[PDB]
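Take a look at this one chain, the form deposited in one PDB entry, written out in C-alpha cells.
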C-alpha cells in the first residue's frame, strides 16, 4: 500500500512538462514535483525498511529520465538538486542492497553519469562526484569499468583536444581510491601514476585541478615510496621553463611531496631538485622566490638539508661553498 504510493510518486516525477501559454499551471506542476521529491527524500532518510525490491528499478528510472539529458552549450536546479539528493540518500541507506541494484545500475548508467561530469555547474559536478564515489564503493563489479572510463576521459583531455570541466572532481574521487589501495601496487596503478597523472601537469588548464592532482600524486608516494624518483624527475621535466607564476603551483606540490618523502629516497633526487629550487630563489618574480624561500619554514625539510648540507649548500649558495 505505502509501497505503491512510493512507486506512484516516483513515476509522477518521471513526467516532464511545459506550459507555453499557462505560467500559472506550470508553477503548480513544478511545485507538486518539488513537493513529491522532498517528501521522498524525508521518507527514505528517516524511515527503515522502506526500500523494497520493486522500487529499485523505479528509483533508477526516475533518476535516468530526469538527469540523463542533452547538456547545453542548470536553470531547473531546484528540481535537479532534489533528484541528486534523493538518489544519494537511496545509495547511502542501510537497506540498500547492491546485489539487487546491480541489475539496474550497470555500465550504461555509469557511462551516462560520466557524461554529466562535463556540466558547467559546480553544484552539479559536486553531486555527481559524491554519487560516483558511492557507486564505486558499493559496486565491486563496477570498480574496474569505472577506472577504465575515467582513464579514457583523461587521455582525451591530455592528448586529444577534448576539454573537460570535471577533471578536478574526478581526481578528487581518485584520491579517495588511491588512499585505500592494496599493499603491493598493481602494475596498472603504477602505469596510471606515470602515464596519466604526471602528464596532467603538462596541460595549460592545470590551475583548475592542480590541488586535486597534487593530492593524488602525494597519496601514491604515501603507499609505495619507490615511485618518488620518477615523480620528482617528471615534475622537474614538466617544470615551467619560462619564469611564470605557474611555478608557485609546482613549488606547492613539491613541498607537499617533501613532507612525506623517505630520507633514502630524498637523496636520489635532492640534487636536481635544489638546482631548480636555486633558480626559483633567483627568480625575477617575487612570488616565486617568496614561495621557494618558504621551504625553510619546514622542519622536516631542514633535517633533510642539514643531514645533506654537503651536497645541497654548494648548489644553493655556490658563492659561499664548493663541491
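Note that the rigid core is defined as the largest set of C-alphas that superpose within 1.5 Å between two forms. Positions refer to the first chain, counted from 1.
There is also a form deposited in another entry; it is not shown, and the following applies to it.
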key: From 108, 156, 202, 241, residue displaced between the shown form and the other one - CA threshold 2 Å or more, rigid core   = 241
inquiry  = Following rigid core alignment, is the displacement of the residue 261 C-alpha between the shown form and the other one equal to or greater than 2 angstroms?
reply    = yes
ask   = With both forms fit on the core, is the shift of the CA atom of residue 282 between the shown form and the other one 2 Å or larger?
value = yes
query = Taking the rigid core as reference, does residue 47 move its C-alpha 2 Å or further between the shown form and the other one?
reply = no
